[PDB]
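Worksheet: one structure, shown below.
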Amino acid sequence: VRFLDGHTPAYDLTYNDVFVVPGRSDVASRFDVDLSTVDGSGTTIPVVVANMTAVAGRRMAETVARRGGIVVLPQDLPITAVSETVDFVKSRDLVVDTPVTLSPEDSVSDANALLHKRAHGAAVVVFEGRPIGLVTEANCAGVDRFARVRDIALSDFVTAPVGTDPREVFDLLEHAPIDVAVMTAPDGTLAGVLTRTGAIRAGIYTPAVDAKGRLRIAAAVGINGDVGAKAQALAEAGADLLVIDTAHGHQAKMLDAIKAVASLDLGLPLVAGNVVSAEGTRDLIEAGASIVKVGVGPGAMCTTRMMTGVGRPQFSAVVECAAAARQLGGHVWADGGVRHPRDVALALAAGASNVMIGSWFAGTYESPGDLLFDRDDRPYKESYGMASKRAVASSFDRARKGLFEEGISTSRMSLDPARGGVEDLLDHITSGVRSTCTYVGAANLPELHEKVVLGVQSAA
Amino acid sequence: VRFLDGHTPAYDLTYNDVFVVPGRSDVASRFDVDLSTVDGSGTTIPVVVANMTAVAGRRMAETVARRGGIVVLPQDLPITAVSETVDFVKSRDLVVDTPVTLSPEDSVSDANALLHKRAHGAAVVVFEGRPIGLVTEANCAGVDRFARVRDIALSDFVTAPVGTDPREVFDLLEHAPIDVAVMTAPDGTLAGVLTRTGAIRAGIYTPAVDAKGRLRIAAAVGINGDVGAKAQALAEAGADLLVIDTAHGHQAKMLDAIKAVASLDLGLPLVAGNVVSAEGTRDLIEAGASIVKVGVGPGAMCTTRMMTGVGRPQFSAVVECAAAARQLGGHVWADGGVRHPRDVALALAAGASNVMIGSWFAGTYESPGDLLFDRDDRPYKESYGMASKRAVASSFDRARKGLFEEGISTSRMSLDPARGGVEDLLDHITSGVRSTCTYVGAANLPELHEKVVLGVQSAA
Amino acid sequence: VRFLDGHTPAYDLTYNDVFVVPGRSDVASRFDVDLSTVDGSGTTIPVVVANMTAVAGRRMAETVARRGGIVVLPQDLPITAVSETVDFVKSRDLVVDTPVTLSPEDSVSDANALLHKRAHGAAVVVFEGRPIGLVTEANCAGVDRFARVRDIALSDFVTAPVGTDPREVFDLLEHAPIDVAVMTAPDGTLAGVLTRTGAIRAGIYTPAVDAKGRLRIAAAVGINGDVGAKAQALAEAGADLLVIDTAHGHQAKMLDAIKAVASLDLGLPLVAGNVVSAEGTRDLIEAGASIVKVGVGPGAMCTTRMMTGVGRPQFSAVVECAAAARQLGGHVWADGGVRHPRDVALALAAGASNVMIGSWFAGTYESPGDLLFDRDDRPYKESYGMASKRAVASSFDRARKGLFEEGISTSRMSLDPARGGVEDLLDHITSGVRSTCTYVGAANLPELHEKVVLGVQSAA
Ligand SMILES: Nc1nc2c(ncn2[C@@H]2O[C@H](COP(=O)(O)OP(=O)(O)OP(=O)(O)O)[C@@H](O)[C@H]2O)c(=O)[nH]1
Ligand SMILES: Nc1nc2c(ncn2[C@@H]2O[C@H](COP(=O)(O)OP(=O)(O)OP(=O)(O)O)[C@@H](O)[C@H]2O)c(=O)[nH]1
Ligand SMILES: Nc1nc2c(ncn2[C@@H]2O[C@H](COP(=O)(O)OP(=O)(O)OP(=O)(O)O)[C@@H](O)[C@H]2O)c(=O)[nH]1
Ligand SMILES: Nc1nc2c(ncn2[C@@H]2O[C@H](COP(=O)(O)O)[C@@H](O)[C@H]2O)c(=O)[nH]1
Ligand SMILES: Nc1nc2c(ncn2[C@@H]2O[C@H](COP(=O)(O)O)[C@@H](O)[C@H]2O)c(=O)[nH]1
Ligand SMILES: Nc1nc2c(ncn2[C@@H]2O[C@H](COP(=O)(O)O)[C@@H](O)[C@H]2O)c(=O)[nH]1
């Protein structure tokens, strides 16, 4: 990283303390920029969903991986649920999305609530796997909450076979009353849906796929118990990437957990964290980790900082850790504190290969949380931390632990009433990162870190 | 009716204008009073549910008929929907109630909403018709809205075979955690539900049953179209009582209807309304009606009175109509304006054999309307009038009719958060009427009308 | 007028003190009722617009006359301004209504404000008298306030020649985007406008026409100055009915004003008022008046009552004055206090031939006042009394009279956000009056006066 002359502050820098200075650019348009990562994760956009049960859901894993990101499944998830989630994601179409299915015998109450689990705005009514109707929120307004789906469902809708050019599907939905195209298999069964916005994103985002052309998905594991046995079970379940996650990564028990998983030679990239120092980055890479996750108490007013005073401003943490990992041929993930697309752009300019986002994506339709409304009828969803699931471990001991255990904090994540889907946030994030590369003059992410000139600003 | 000396006002009297003067009494308790009625309806309490779609529902018809009342199904209801309702009510137990049934695959969302369809406070989980668990609102609090009923269900409950002593099923629920007892058939199937309070009301209220021991139920017909074919079809569905209902009963089109239905000879009591005059009362009785329903614009600031000025104070209307109907051997029903149990007591003291209650029963769990909550989270249900379904009967023709047609007014009926069931209102209404007979000195309703001394009061 | 037995109160009755008892009826529908008046006014509905400058406007005169009513122009209006208003009403189509006309050069500011002067919801754009497009509220939303009409006008609209069957115009507007049909003259010029709902009122209301088939219109005149030449000028200006109006009609100066106008032999019905006594009714008709207008401080808390104590309840005043005028071969007008259709029915049942309504019609689009909005953005228009223009009359003398002069009170009249038109109030009033005739059993207004049976009620 190269700073303006004189910008050598006597303190570490957060995402608010820095700014990017424009440089001479030949990149004309934002779509000429290549946002694909080079850390072996397979993501075509530098966005990784955090391994938190409030964010890393099954619907999130399919939706983010189709647009180029990847979702790390939260640790301590039962291996049976992991296999069912991987099998679902690995069986999704790379263009056609999974709609919400309804039976004619379902209630209008359930039909209205299930609609908000996807950003499509319409649910497909099915009978023996074949579409027979559509249900929108306008069809449920003012109707008996225990009327059947057959009482409000639209009988006519746009159908198209799977494999049709999204360009043609985009024109089919031009004058359709419902902006949903029900994609069918040759035998007439339901294969999914595709909207006008969904057809545009197919031509902008490249899905993150494995060697077999299936959507990518990652899984996390704690350093408690048999790390090698849990890691091998996640690899055989179909995981494309493994995250060895703990609160304090610069720990002896973490170094042993990396050497245990790395010695098994599972043929998968190993992410380990978290640390915020150059020494902790090299010790994790030499232990057998390919990627180092950076982020320990990034907020000066958050739980970790207010309880222990331990932490480090994230931008200065990524700068030091990415430079240390570059000398060993490793990579760095910027984890924590991402609130706006400039946080993603500044993390990449600091030297990170990917950006891990958690609580921000909780306020979306695709997050595993239930959609809630406040007194002002504003849509929101709750986000919460993993707490003990990232820390190291008689009935006397059970409450001896809870006496000092970290409390689970809960926050309200408001949804945008016009763009409540996670793909809308992906549009917002990638739009800013692409413009940053244009301001710097970079055609790809490696050039962004190469050609960027940073500066420090005061509180004003 | 006997009034105090000098109480000859130059105006008609509402329920607010009059009071009952206590007399010498030997009736000890309320239970000595016989609230049975003598109008041929078979009601052991003088409570009739009005023929309004906002109140006269299926769950309403079953609940109050067990406690001695009768529900008049709203007119113009399709004969198939009637047939499904009568065959339902006629097939219920005279003590054991119908619970809220849940499948193990139902969602918590539907389970939480289905609970308020009854006053039991708990739902029965069934598999192949056998009770296997219970679901209360405490079991759904804080649970995922789309979790399964298998994830929350209490596996243990109180079991008693159908036909068990209503006093005994009380004893088992003494220290039970949930105040519900699931009754089972001899082969183990779900027979129904009985709570503690349901055991007392089984020993206080006598079920209103026909010759076959099945719960009573009535139906309404409109004077439009062919009344003969409609009224004959309602009794073929299993109706025990028919009412020829219209806004202005003292008209020629009305008189011709009863003379048509009375000549059909179905052997069922015919009720007709409305009139608020002795002339209109006698003309309806001689037309073939056994009971006359009284009530034309009882409120001084309601739709009929403020649009047309036509109406009459309900108390003075029932007094005149009851005296004229008794001379011809007919009886009188007091319809509309009932808000407190003293309105029922004063209508009986005026000479009516039954009291038709409507919007007051809309704010109950058993009403067909959905349970709604305002901004203060207080339960309420909306009531609305029949409008054109009580008046005399091509988009151009539909526009001429709707231009002058009566608007469908809607009002908010709040539920008691502690006593939200319709049986609680039955306990509230009957307790005051029984206490009214004790003050007068009557052992039954025919004695109440003959022994009561009335008086007039001012606004203070 | 017949009252119930015993209903002989020791006080006079307002519209709130009385109610109508329904009797035997053979009138099936409301449409079988003939609302025609028999006082020689020519109105097919018993609705007369008061002679107040806040309601008796040009647009009100045309809109009410087409639906069967008549509008009395306020006194002291310049005779030149009267002739231009009378000629406008006399030159109007008896079915097709006058829309809002816009020049292509008009601003969006003026077009947006001119839309609310009629109840059509759209304005016609004309060039040299021929319609070319429509302007609605949605056309002006979010548009530059000083753009031209040529920037927002919808070029296509529904066209039908003048004289077309109104039911076909109703059918053509079935699925039209704007509920507006532009009627064209043979040469293509703008003949006027006709809406859907307006096509139905053409087949329900009969226009009040004069001997030449033109819309009727009345005018008022004070008793100050030359009552003869003013009444002679108003008659020669085209007035179909004259009103000699004053605050206290039972005075000598009023009788001399009737004798002066009667000696002219203008051949027009003469209305005189106001009085509330039979003696005042006898003296007015014997002076030469054909109709007596009754109303002196009808409200117990209005300006006249609280300042002077002079007044009389309107119902008892109309009953006494109608019976007195009936024996002299005249009729009576109920003036003041009209707030609901109940007041119109009770006034007619009392014996009145027409009901005069004032401040109620001020809260309409057709009233001459400007449409205003309060802090809640709710539509309203202000009403005010004639004050000095209804009483008996240097700058020092002007202030000597102003020291005791009646102040001009101002009240807020709210528009119905869904029924801001005066025709909607006419639909609301006539719907209730027609229902009153069905309850009583009358086929027209003369039968209503005899067949009605009144009763007295208390405050409850
Ligand atoms: N009928 C119907 N039920 C659905 C649908 N999607 C989810 N559900 C039900 O909702 C519950 C779980 O919903 P999801 O949250 O989408 O499922 P999940 O596997 O937990 O996935 P994530 O929360 O995204 O990790 C289960 O009871 C499902 O049966 C749908 O499209 N139709
Ligand atoms: N699973 C389940 N569904 C129910 C239960 N009770 C009612 N429903 C369903 O809820 C819907 C409407 O119920 P109700 O409104 O009580 O039925 P209804 O026949 O209209 O009866 P009323 O409204 O009381 O006249 C129907 O689809 C019923 O099948 C129950 O206990 N369990
Ligand atoms: N361009 C245009 N101007 C209009 C239109 N209607 C009214 N105006 C103008 O606005 C003025 C006031 O309108 P009105 O209040 O309806 O006219 P009025 O003759 O006072 O009639 P009333 O208020 O009904 O007694 C008129 O003198 C015209 O200058 C219209 O349709 N188009
Ligand atoms: N202190 C703390 N950090 C957490 C907890 N759960 C997750 N985290 C960290 O915070 C990150 C998410 O930060 P966010 O993107 O929501 O600002 C996670 O990726 C993880 O590194 C928790 O319970 N406590
Ligand atoms: N005017 C009028 N009366 C109605 C309407 N619907 C029902 N009613 C009458 O009002 C009664 C119910 O009165 P409540 O018990 O709600 O005071 C009904 O039994 C019926 O006689 C309606 O739309 N308009
Ligand atoms: N006291 C009083 N009466 C008025 C005034 N202006 C009009 N009136 C009377 O009130 C009538 C209108 O009554 P409204 O229909 O508004 O209830 C008029 O027809 C007229 O008789 C005024 O300034 N003062």
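We label chains A, B, ... in the order they appear in the structure tokens, count residues from 1 in each chain, and number ligands from 1 in the order shown.
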
Per residue of chain B within 7 Å of chain C, note the shortest atom pair and the distance in Å to one decimal, counting only C-alpha atoms, and order the rows by chain and increasing residue number, as CSV.
```
residue,atom,partner,partner_atom,distance
B:10,CA,C:7,CA,4.2
B:11,CA,C:456,CA,4.6
B:12,CA,C:457,CA,5.4
B:13,CA,C:457,CA,7.0
B:14,CA,C:460,CA,6.9
B:16,CA,C:460,CA,6.4
B:248,CA,C:439,CA,6.6
B:250,CA,C:24,CA,5.3
B:251,CA,C:25,CA,4.5
B:252,CA,C:26,CA,5.1
B:305,CA,C:342,CA,6.9
B:306,CA,C:342,CA,5.1
B:307,CA,C:432,CA,4.8
B:308,CA,C:432,CA,4.7
B:309,CA,C:342,CA,4.8
B:310,CA,C:20,CA,4.4
B:311,CA,C:21,CA,5.9
B:312,CA,C:21,CA,6.4
B:392,CA,C:29,CA,6.5
B:400,CA,C:200,CA,6.2
B:404,CA,C:431,CA,5.2
```

As a quick test: using only C-alpha atoms and all ligand atoms, which residues lie no more than 9 Å away from ligand 4? Give them as an NGL selection string.
:A and (49-52 or 245-247 or 273-274 or 293-299 or 302-305 or 334-339 or 356-362 or 383-390 or 406-409)

Residues contacting ligand 3 - anything with an atom at most 10 Å away, using only C-alpha atoms and all ligand atoms - can you give me those as a JSON list (two decimals) with N, CA and C atoms, in the first residue's frame?
```
[["chain", "number", "residue", "atom", "x", "y", "z"],
["C", 53, "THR", "N", -74.56, 33.11, -0.52],
["C", 53, "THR", "CA", -73.46, 33.29, -1.47],
["C", 53, "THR", "C", -72.40, 32.21, -1.36],
["C", 54, "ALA", "N", -72.42, 31.40, -0.30],
["C", 54, "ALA", "CA", -71.44, 30.34, -0.11],
["C", 54, "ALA", "C", -71.87, 29.01, -0.69],
["C", 55, "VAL", "N", -73.04, 28.94, -1.33],
["C", 55, "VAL", "CA", -73.55, 27.67, -1.85],
["C", 55, "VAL", "C", -74.29, 27.89, -3.16],
["C", 56, "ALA", "N", -74.99, 29.02, -3.28],
["C", 56, "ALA", "CA", -75.83, 29.29, -4.45],
["C", 56, "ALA", "C", -74.97, 29.92, -5.55],
["C", 57, "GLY", "N", -74.22, 29.05, -6.24],
["C", 57, "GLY", "CA", -73.35, 29.46, -7.31],
["C", 57, "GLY", "C", -73.84, 29.01, -8.68],
["C", 58, "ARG", "N", -73.07, 29.41, -9.69],
["C", 58, "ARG", "CA", -73.41, 29.05, -11.07],
["C", 58, "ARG", "C", -73.31, 27.54, -11.28],
["C", 59, "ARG", "N", -72.17, 26.95, -10.91],
["C", 59, "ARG", "CA", -72.00, 25.51, -11.09],
["C", 59, "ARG", "C", -72.98, 24.71, -10.25],
["C", 60, "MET", "N", -73.35, 25.22, -9.07],
["C", 60, "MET", "CA", -74.36, 24.55, -8.26],
["C", 60, "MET", "C", -75.73, 24.62, -8.91],
["C", 61, "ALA", "N", -76.05, 25.76, -9.55],
["C", 61, "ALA", "CA", -77.35, 25.91, -10.17],
["C", 61, "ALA", "C", -77.55, 24.91, -11.30],
["C", 62, "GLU", "N", -76.53, 24.70, -12.13],
["C", 62, "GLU", "CA", -76.65, 23.74, -13.22],
["C", 62, "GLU", "C", -76.69, 22.31, -12.71],
["C", 63, "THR", "N", -75.84, 21.98, -11.74],
["C", 63, "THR", "CA", -75.73, 20.60, -11.29],
["C", 63, "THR", "C", -76.98, 20.14, -10.55],
["C", 73, "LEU", "N", -80.81, 32.05, -6.23],
["C", 73, "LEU", "CA", -79.65, 32.93, -6.22],
["C", 73, "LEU", "C", -79.74, 33.90, -5.04],
["C", 81, "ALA", "N", -74.97, 40.40, -13.17],
["C", 81, "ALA", "CA", -74.38, 39.10, -12.84],
["C", 81, "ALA", "C", -75.44, 38.00, -12.80],
["C", 82, "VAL", "N", -76.69, 38.36, -12.51],
["C", 82, "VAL", "CA", -77.76, 37.37, -12.49],
["C", 82, "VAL", "C", -78.06, 36.88, -13.90],
["C", 84, "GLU", "N", -76.29, 36.77, -16.55],
["C", 84, "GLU", "CA", -75.25, 35.91, -17.10],
["C", 84, "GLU", "C", -75.27, 34.53, -16.46],
["C", 85, "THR", "N", -75.74, 34.42, -15.22],
["C", 85, "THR", "CA", -75.87, 33.12, -14.58],
["C", 85, "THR", "C", -77.13, 32.39, -15.05],
["C", 88, "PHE", "N", -76.67, 31.07, -18.53],
["C", 88, "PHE", "CA", -75.81, 29.89, -18.52],
["C", 88, "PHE", "C", -76.60, 28.64, -18.17],
["C", 98, "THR", "N", -71.31, 20.12, -18.00],
["C", 98, "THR", "CA", -70.26, 21.04, -18.43],
["C", 98, "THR", "C", -68.94, 20.67, -17.77],
["C", 99, "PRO", "N", -67.93, 20.29, -18.53],
["C", 99, "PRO", "CA", -66.64, 19.92, -17.95],
["C", 99, "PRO", "C", -65.78, 21.16, -17.71],
["C", 100, "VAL", "N", -64.54, 20.91, -17.28],
["C", 100, "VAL", "CA", -63.54, 21.96, -17.15],
["C", 100, "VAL", "C", -62.80, 22.06, -18.48],
["C", 101, "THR", "N", -62.81, 23.25, -19.07],
["C", 101, "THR", "CA", -62.18, 23.49, -20.36],
["C", 101, "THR", "C", -60.80, 24.09, -20.17],
["C", 102, "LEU", "N", -59.83, 23.58, -20.93],
["C", 102, "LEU", "CA", -58.44, 24.02, -20.84],
["C", 102, "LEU", "C", -57.93, 24.40, -22.22],
["C", 103, "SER", "N", -57.30, 25.56, -22.31],
["C", 103, "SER", "CA", -56.57, 25.92, -23.51],
["C", 103, "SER", "C", -55.20, 25.25, -23.50],
["C", 104, "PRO", "N", -54.67, 24.87, -24.68],
["C", 104, "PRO", "CA", -53.35, 24.23, -24.72],
["C", 104, "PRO", "C", -52.23, 25.08, -24.12],
["C", 105, "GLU", "N", -52.51, 26.36, -23.91],
["C", 105, "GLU", "CA", -51.50, 27.30, -23.38],
["C", 105, "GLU", "C", -51.63, 27.42, -21.86],
["C", 106, "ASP", "N", -52.69, 26.88, -21.28],
["C", 106, "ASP", "CA", -52.90, 27.00, -19.85],
["C", 106, "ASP", "C", -51.77, 26.32, -19.09],
["C", 107, "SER", "N", -51.51, 26.80, -17.88],
["C", 107, "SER", "CA", -50.45, 26.24, -17.06],
["C", 107, "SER", "C", -50.95, 25.03, -16.28],
["C", 110, "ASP", "N", -52.85, 26.23, -13.07],
["C", 110, "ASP", "CA", -54.27, 26.53, -13.19],
["C", 110, "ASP", "C", -55.09, 25.28, -13.49],
["C", 111, "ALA", "N", -54.55, 24.38, -14.32],
["C", 111, "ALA", "CA", -55.27, 23.16, -14.66],
["C", 111, "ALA", "C", -55.50, 22.29, -13.43],
["C", 113, "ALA", "N", -55.81, 23.27, -10.31],
["C", 113, "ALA", "CA", -56.79, 23.87, -9.43],
["C", 113, "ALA", "C", -58.19, 23.89, -10.04],
["C", 114, "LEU", "N", -58.28, 24.04, -11.37],
["C", 114, "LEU", "CA", -59.58, 24.06, -12.03],
["C", 114, "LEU", "C", -60.26, 22.70, -12.03],
["C", 115, "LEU", "N", -59.51, 21.62, -11.81],
["C", 115, "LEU", "CA", -60.10, 20.29, -11.85],
["C", 115, "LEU", "C", -61.13, 20.08, -10.75],
["C", 116, "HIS", "N", -60.94, 20.72, -9.60],
["C", 116, "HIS", "CA", -61.78, 20.49, -8.43],
["C", 116, "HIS", "C", -63.04, 21.35, -8.42],
["C", 117, "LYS", "N", -63.30, 22.11, -9.48],
["C", 117, "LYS", "CA", -64.53, 22.89, -9.55],
["C", 117, "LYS", "C", -65.71, 22.06, -10.05],
["C", 118, "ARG", "N", -65.46, 20.88, -10.60],
["C", 118, "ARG", "CA", -66.51, 19.93, -10.96],
["C", 118, "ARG", "C", -66.17, 18.58, -10.33],
["C", 123, "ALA", "N", -60.42, 17.18, -17.09],
["C", 123, "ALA", "CA", -60.71, 18.39, -17.83],
["C", 123, "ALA", "C", -60.46, 18.16, -19.32],
["C", 124, "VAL", "N", -61.27, 18.81, -20.15],
["C", 124, "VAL", "CA", -61.22, 18.66, -21.60],
["C", 124, "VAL", "C", -60.35, 19.77, -22.18],
["C", 125, "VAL", "N", -59.42, 19.39, -23.05],
["C", 125, "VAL", "CA", -58.58, 20.35, -23.76],
["C", 125, "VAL", "C", -59.23, 20.65, -25.10],
["C", 126, "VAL", "N", -59.41, 21.93, -25.41],
["C", 126, "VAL", "CA", -60.07, 22.36, -26.63],
["C", 126, "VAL", "C", -59.20, 23.36, -27.37],
["C", 365, "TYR", "N", -67.78, 20.08, -4.44],
["C", 365, "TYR", "CA", -67.02, 20.67, -5.54],
["C", 365, "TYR", "C", -67.79, 21.79, -6.22],
["C", 366, "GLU", "N", -69.11, 21.66, -6.30],
["C", 366, "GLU", "CA", -69.93, 22.58, -7.08],
["C", 366, "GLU", "C", -70.22, 23.89, -6.37],
["C", 367, "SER", "N", -69.92, 23.99, -5.07],
["C", 367, "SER", "CA", -70.15, 25.24, -4.36],
["C", 367, "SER", "C", -69.17, 26.31, -4.84],
["C", 368, "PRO", "N", -69.57, 27.59, -4.79],
["C", 368, "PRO", "CA", -68.70, 28.64, -5.33],
["C", 368, "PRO", "C", -67.42, 28.85, -4.55],
["C", 369, "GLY", "N", -67.31, 28.33, -3.33],
["C", 369, "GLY", "CA", -66.11, 28.52, -2.55],
["C", 369, "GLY", "C", -64.94, 27.71, -3.09],
["C", 370, "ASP", "N", -63.74, 28.17, -2.76],
["C", 370, "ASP", "CA", -62.52, 27.48, -3.18],
["C", 370, "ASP", "C", -62.27, 26.27, -2.30]]
```

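All residues within range 113-152 of chain A that the backbone DSSP calculation assigns to strand (DSSP E) are residues 122, 123, 124, 125, 126, 127, 130, 131, 132, 133, 134, 135 and 136 of chain A.
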
Keeping only N, CA and C atoms, write those residues as a short mmCIF file (atom, residue, chain, number, x, y, z; two decimals), in the first residue's frame.
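Dumped to again_6.cif:
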```
data_model
loop_
_atom_site.label_atom_id
_atom_site.label_comp_id
_atom_site.auth_asym_id
_atom_site.auth_seq_id
_atom_site.Cartn_x
_atom_site.Cartn_y
_atom_site.Cartn_z
N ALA A 122 -43.39 -13.54 -6.13
CA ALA A 122 -44.46 -14.42 -6.56
C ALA A 122 -44.06 -15.86 -6.26
N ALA A 123 -45.02 -16.66 -5.83
CA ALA A 123 -44.80 -18.06 -5.51
C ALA A 123 -45.54 -18.93 -6.52
N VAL A 124 -44.93 -20.05 -6.88
CA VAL A 124 -45.48 -20.95 -7.89
C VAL A 124 -46.35 -21.99 -7.21
N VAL A 125 -47.60 -22.10 -7.64
CA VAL A 125 -48.49 -23.14 -7.15
C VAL A 125 -48.25 -24.41 -7.96
N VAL A 126 -47.98 -25.51 -7.27
CA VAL A 126 -47.60 -26.76 -7.92
C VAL A 126 -48.57 -27.86 -7.55
N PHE A 127 -48.68 -28.85 -8.44
CA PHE A 127 -49.44 -30.07 -8.19
C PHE A 127 -48.67 -31.21 -8.83
N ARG A 130 -45.74 -29.91 -11.03
CA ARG A 130 -45.97 -29.11 -12.22
C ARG A 130 -46.67 -27.80 -11.86
N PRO A 131 -46.25 -26.68 -12.45
CA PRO A 131 -46.86 -25.39 -12.10
C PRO A 131 -48.28 -25.28 -12.61
N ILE A 132 -49.17 -24.76 -11.76
CA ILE A 132 -50.57 -24.61 -12.11
C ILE A 132 -51.04 -23.18 -11.86
N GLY A 133 -50.24 -22.40 -11.14
CA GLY A 133 -50.64 -21.03 -10.85
C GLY A 133 -49.56 -20.26 -10.13
N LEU A 134 -49.81 -18.96 -9.99
CA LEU A 134 -48.93 -18.04 -9.29
C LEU A 134 -49.68 -17.36 -8.15
N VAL A 135 -48.94 -16.97 -7.12
CA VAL A 135 -49.50 -16.27 -5.97
C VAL A 135 -48.58 -15.10 -5.64
N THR A 136 -49.13 -13.89 -5.66
CA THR A 136 -48.42 -12.68 -5.28
C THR A 136 -49.00 -12.13 -3.98
#
```

For the interface of chain A with ligand 2 (cut-off 12 Å, counting only C-alpha atoms and all ligand atoms), please tabulate each contacting residue of chain A alongside its nearest pair of atoms and their separation in Å to one decimal, rows sorted by chain and increasing number, as a Markdown table.
```
| residue | atom | partner | partner_atom_place_in_ligand_line | distance |
| --- | --- | --- | --- | --- |
| A:104 | CA | ligand 2 | 27 (O) | 10.9 |
| A:105 | CA | ligand 2 | 27 (O) | 7.9 |
| A:106 | CA | ligand 2 | 27 (O) | 8.5 |
| A:107 | CA | ligand 2 | 27 (O) | 7.1 |
| A:108 | CA | ligand 2 | 27 (O) | 9.6 |
| A:109 | CA | ligand 2 | 10 (O) | 10.4 |
| A:143 | CA | ligand 2 | 12 (C) | 11.9 |
| A:144 | CA | ligand 2 | 12 (C) | 8.3 |
| A:145 | CA | ligand 2 | 11 (C) | 8.3 |
| A:146 | CA | ligand 2 | 11 (C) | 4.7 |
| A:147 | CA | ligand 2 | 27 (O) | 5.8 |
| A:148 | CA | ligand 2 | 27 (O) | 6.4 |
| A:149 | CA | ligand 2 | 27 (O) | 10.1 |
| A:150 | CA | ligand 2 | 27 (O) | 11.2 |
| A:151 | CA | ligand 2 | 27 (O) | 10.9 |
```

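Remark: for residue 87 in chain B, the closest of the candidate residues B:329, B:213, B:198, B:238 is B:238 (distances computed over only C-alpha atoms).
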
Residues near range 447-451 of chain C, anyone? I mean within 6 Å using only C-alpha atoms, not counting same-chain ones fewer than 2 positions away, as a PyMOL selection string.
chain C and resi 349+351+442+444-445

Quick one: DSSP alpha helix (DSSP H) residues in range 61-202 of chain B, as an MDAnalysis selection string?
chainID B and resid 61:66 79:89 108:114 137:140 166:172 196:202

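Near residue 319 in chain B, within a cut-off of 9 Å and counting only C-alpha atoms, sit the residues residues 1, 314, 315, 323, 324, 347, 349, 350, 351 and 352 of chain B, with same-chain residues fewer than 4 positions away left out.
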
Quick check, in Å to one decimal: how far apart do atom 19 (O, counted along the ligand's line) of ligand 1 and CA of residue 425 in chain A lie?
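If I compute the distance from atom 19 (O, counted along the ligand's line) of ligand 1 to CA of residue 425 in chain A, I get 22.2 Å.
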